[PDB]
Amino acid sequence: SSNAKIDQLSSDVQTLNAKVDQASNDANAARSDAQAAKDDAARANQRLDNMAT
Amino acid sequence: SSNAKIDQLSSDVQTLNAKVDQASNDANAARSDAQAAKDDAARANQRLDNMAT
Amino acid sequence: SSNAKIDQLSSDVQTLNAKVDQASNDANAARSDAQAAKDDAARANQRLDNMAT
């Protein structure tokens, strides 16, 4: 049914919106965590580099 | 065409579902990897902190 | 309205496509950054491991 199909698509879209917003949250969180870790690892390696002296 | 437009939207939705599920996989993987790296960098810095003594 | 609802869904889909592509970019970037950080932290810990000797 045309109306039935439109209604199913409306629900599908809402479900996708929720999934999409959640994927972004996870991605932004990951972007953040990765940035912090990359900096902290860079810091540990700098400290090691200065160890010879 | 109404039916034609509905059919195109149905296909678009399916494509988005696949893209959405893939973005979540990448995000969750990244969240995991970042957590592990942040911990490992934190560990390296702790070991360095204890180096003075 | 059937046509009105179809038009709203078309716009919703386009918005989701943009959000979906952006979430993937963030996720892939995060995957990359996390990989680099995990390697750099692993490197710092290896260097520390060799410190005893």
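Just so we're on the same page: letters track the sequence lines, and every chain starts at 1. When reading the values below, keep in mind they use all heavy atoms of this one structure, side chains included, and skip hydrogens, waters and symmetry mates.
At least one side-chain heavy atom of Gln35(C) sits less than 4.5 Å from a side-chain heavy atom of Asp33(B).
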Problem - Full working for side chain to side chain contact (heavy atoms under 4.5 Å, CB included) between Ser24(C) and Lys19(B) - result: CA-CA 8 Å; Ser24(C) 181; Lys19(B) 287 177 191 172; over 6 Å; no

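Residue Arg31(C) comes nearest to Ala29(B) through the heavy atom pair NE-CB, 3.4 Å, listed as atom of the first residue, atom of the second, then distance. Nearest heavy atom pair, residue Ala34(C) against residue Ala34(B), reads CB-N, 3.6 Å.
The neighbour count for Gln8(C) CD, taken as heavy atoms of other residues, nucleotides or ligands under 6.0 Å away, is above 12.
Atom CD of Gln14(C) is separated from atom CG of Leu16(B) by 11.0 Å, given to the nearest 0.5 angstrom. For the atom pair CE of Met51(B) and CE of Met51(C), the computed distance is 4.5 Å after rounding to the nearest 0.5 Å. Separating the CG atom in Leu9(B) from the CG atom in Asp12(C) is a distance of 9.5 Å, to the nearest 0.5 Å. For the atom pair CD1 of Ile6(B) and NZ of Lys5(C), the computed distance is 10.5 Å after rounding to the nearest 0.5 Å.
Counting heavy-atom pairs closer than 4.5 Å to chain B, the top residue among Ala27(C), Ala42(C), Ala23(C) is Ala27(C). Of the residues considered (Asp21(C), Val20(C), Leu48(C)), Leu48(C) shows the highest number of contacts with chain B, using heavy-atom pairs under 4.5 Å.
With hydrogens and angles disregarded, no donor-acceptor distance shorter than 3.5 Å links the side chain of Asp40(B) to the backbone of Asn45(C).
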